[PDB]
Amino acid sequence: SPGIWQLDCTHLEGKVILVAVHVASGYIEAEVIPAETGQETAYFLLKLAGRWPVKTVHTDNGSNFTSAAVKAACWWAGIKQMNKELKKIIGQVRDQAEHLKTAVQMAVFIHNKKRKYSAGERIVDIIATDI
């Protein structure tokens, strides 16, 4: 289904990377956050939902979605209830950037633009078709 996304946090260099995967396409978006918190997850969800038609979200850690901030964002946006390779692509590009956050976005870019149709093409195609 085109409205399904998966959301998890990974850890790297004492930092937290939030990663959302559009399940059908393989397209990702990520952010480096300071803390793994409800407030950061809510904010991220709100951004994601203004951009794509987000219907449902899954996670591998259920307690991620327990905070009032998260429930409030899901309620308002109408939302209902790669991490290893991204880390490889990040390893590759790490030297090219000072800050981890920039390396993360370079890795997202590479992952989404790689044909092997790319994930960024697949997401747009799946969403347009569903309109």
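Residue numbers here begin at 1 and follow the sequence given.
- In this entry, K116 and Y117 are separated by 4 to 9 residues of the deposited sequence that lack coordinates.
- Per the record, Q81 and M82 are separated by 10 or more deposited residues that have no coordinates.
- Stretches 90 to 98 and 50 to 58 differ in mean C-alpha B factor, with the higher average recorded for 90 to 98.
- In this entry, 117 to 125 has the higher mean Cα B-factor, the comparison being between 117 to 125 and 16 to 24.
- Residue set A35, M106, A30, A72: peak C-alpha B-factor at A35 (per PDB entry).
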